[PDB]
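What follows is each chain in one-letter form.
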Amino acid sequence: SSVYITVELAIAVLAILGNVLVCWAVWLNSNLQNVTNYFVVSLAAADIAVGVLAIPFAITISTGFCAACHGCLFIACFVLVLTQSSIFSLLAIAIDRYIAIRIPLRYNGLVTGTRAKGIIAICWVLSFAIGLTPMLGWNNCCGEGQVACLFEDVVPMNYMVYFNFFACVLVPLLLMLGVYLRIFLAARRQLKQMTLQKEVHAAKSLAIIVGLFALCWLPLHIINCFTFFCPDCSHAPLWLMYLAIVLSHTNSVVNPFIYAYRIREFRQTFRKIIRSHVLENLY
Amino acid sequence: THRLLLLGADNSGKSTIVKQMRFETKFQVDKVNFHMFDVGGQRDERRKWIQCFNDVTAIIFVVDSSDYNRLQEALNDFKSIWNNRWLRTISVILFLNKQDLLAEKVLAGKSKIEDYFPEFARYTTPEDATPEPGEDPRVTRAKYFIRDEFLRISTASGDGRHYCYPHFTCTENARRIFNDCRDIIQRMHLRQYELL
Ligand SMILES: Nc1nc2c(ncn2[C@@H]2O[C@H](COP(=O)(O)OP(=O)(O)O)[C@@H](O)[C@H]2O)c(=O)[nH]1
Ligand SMILES: CCNC(=O)[C@H]1O[C@@H](n2cnc3c(N)ncnc32)[C@H](O)[C@@H]1O
Ligand SMILES: CCCCCCCCS[C@@H]1O[C@H](CO)[C@@H](O)[C@H](O)[C@H]1O
Ligand SMILES: CCCCCCCCS[C@@H]1O[C@H](CO)[C@@H](O)[C@H](O)[C@H]1O
């Protein structure tokens, strides 16, 4: 469907623009160049890859074009790896902020620049390990020896429900939920030391982080559980699939905003960049 | 390792607070190293050492609550520390010391604080104030009056980059310092996320 393709392409553009802008801001601004933002830049890097590589590959999987089954599995697996890294790099930010709020003194002694690279590498090795698991044999595998290249044709739903949804969406969501509720509690404690309007604002801001992650990722994976556990049910309609797939990719558009745009230092840097680009054409 | 700046008047017990914990003093709490430096009074030794460092996590300020006259001196010194160009964003852990001796002074009745601080006559104990079991409301009132005398200064320049954490000290001072540093830097992270 044309609507799916173009909406999907819009998001890819918006994903590249917003995340390059985040990355560019860290390169220019000297104050943004510190260990805590390694996690933001890794996230932003992953989201660019989602826009450039993962979404175009996801578009191809929608067409059911003719290809060798194991070629089709490789493309589907590549979409999984890149989206997984986006989710795991997102989790890394929450683990960082958890250490920061729970163990605030040792933070600088625990969270070193080298150890942060360790964490980021683990995020990407876990992405490959999990997203390429179907290539190792756990799969459902035009001229002879070719098939219609579709996602649910090559990637088994037991993998998606028992391993992928559990490991890559549900656990992260639960961890993030738990982490941000503990950070909120610390904020409300310190607010009391120094207006419940300020507490409500804080609660709202952390609700938005976890709420958006759940809004983006749960629809498609909830639907996948429905598909897996009810093989007798008529399958979810194709417009709903396109909606849910699109929603999952739209995490990469809002991930810039909520994370980076919640830092004043990023916000001011964005002004100076857009302004100095317009001052540049109008001389 | 967490750097601290210890300062306060002569006979403010600033030397005993560091004695119990054992000029340069490094102590261990909850497997977190601290490194304190003694540099105070306002007489001398302060302006030399203060302008070296920079990365002090917090300033420990000790005042004798019992010494009503030198309390005015201490208030001046505090105002100075609070508005100092080099220490503008540095948070102050405030020890109101010799509480026991204050209790004695106040219960005795010889010296009336209103003499040194007339606006005390129209001061009533705060509703939030949490006096301990067996504390004469008079002693509580005076104690909290001094505390508030130091706090009005903190709130005068109400920028909110830094804060003043008070204590009543007569046992466990190391833990108070620990907790206050923990709070300071945890609030630095909370501020960093605009969660403040
Ligand atoms: N009762 C009581 N006496 C204190 C306290 N702190 C200090 N002192 C007394 O004050 C005197 C001077 O204290 P010191 O620590 O040397 O003052 P500094 O040199 O200004 O720090 C000592 O001889 C102590 O007996 C306290 O918390 N309670
Ligand atoms: C780690 C989780 N990754 C995904 O859900 C991505 O994988 C793809 N995906 C997952 N399940 C399906 C499905 N049932 N049909 C099509 N694509 C899917 C989508 O492009 C998602 O963005
Ligand atoms: C203080 C002494 C440190 C010596 C080096 C420790 C060994 C791990 S190096 C670390 O390994 C990661 C893999 O997890 C890579 O991603 C990083 O690039 C790299 O930095
Ligand atoms: C982080 C993901 C989003 C990247 C796109 C940035 C668009 C913001 S433009 C700019 O934003 C400033 C704060 O940054 C505001 O003060 C101004 O109203 C406005 O001129």
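The deposited coordinates for this entry were obtained by X-ray crystallography, with a reported resolution of 3.40 Å.

As annotated in the PDB entry, chain B is ENGINEERED DOMAIN OF HUMAN G ALPHA S LONG ISOFORM from Homo sapiens.

Regarding chain A, the relevant UniProt record gives this comment under Subcellular location: "Cell membrane". Per UniProt, chain A has the following entry under Sequence similarities: "Belongs to the G-protein coupled receptor 1 family."

Moving on to the overall build of chain B. Helices and strands together make up the secondary structure of chain B, namely seven helices and six strands. Ordering the α and β elements of chain B from the N terminus gives β-α-β-β-α-β-α-β-α-α-α-β-α. Its C-alpha atoms give chain B a radius of gyration of 17 Å, near enough to 16 Å, the size a compact globule of 196 residues would have. Counting only C-alpha atoms and orienting by the principal axes, one finds that chain B spans roughly 45 × 40 × 35 Å.

Residues and elements named next belong to chain A. Residues given the UniProt feature "binding site: adenosine" here are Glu152, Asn224, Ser248 and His249. Along the chain, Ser248 falls in helix 9 (residues 238–249). Overall, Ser248 belongs to the buried group, its relative accessible area being 4%. Residue contacts for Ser248: discarding those within four places in its chain leaves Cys216, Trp217 and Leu220. Looking at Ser248, its side chain comes within polar contact range of the main-chain oxygen of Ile245, at 2.7 Å. By secondary structure assignment, the location of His249 is in helix 9. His249 gets classed as buried once you look at its relative accessible area, which sits at 4%. Aside from chain neighbours lying at most four places away, what touches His249 is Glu8, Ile11, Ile55 and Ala58. In this structure the side chain of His249 is engaged in a polar contact, spanning 3.2 Å, whose partner is the side chain of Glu8.

Our next topic: the site of ligand 1. Residues and elements named next belong to chain B. Within the structure, ligand 1 sits among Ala9, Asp10, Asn11, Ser12, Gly13, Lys14, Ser15, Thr16, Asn97, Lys98, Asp100 and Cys170. Between an oxygen atom of ligand 1 and a main-chain N or O atom of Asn11, the distance comes to 2.7 Å. Within the side chain of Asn97, one N or O atom sits 3.4 Å away from an oxygen atom of ligand 1. Counted by class, the shell around ligand 1 contains two nonpolar, six polar and four charged residues.

How each quantity is defined
Residues numbered from 1 in each chain as written, not as in the entry; some residues may be left out. Chains lettered and ligands numbered in written order. Heavy atoms only, no water. Residues with missing side-chain atoms left out of burial classes, pairs and counts. UniProt positions renumbered as here; feature names shortened; annotations may be inferred. Helix = DSSP H or I, 4+ residues; strand = E, 2+ residues; numbered from the N terminus. Rg over C-alpha atoms; globule rule 2.2 N^0.38 Å. Buried < 20%, exposed > 50% of the residue type's maximum accessible area, 1.4 Å probe, protein only. Contact = heavy atoms within 4.5 Å. Polar contact = N/O pair within 3.5 Å; in protein donor to acceptor, adjacent residues only side chain to side chain. Near = heavy atom within 4 Å. Nonpolar A, V, L, I, M, F, W, Y, C, P; charged D, E, K, R; others polar.

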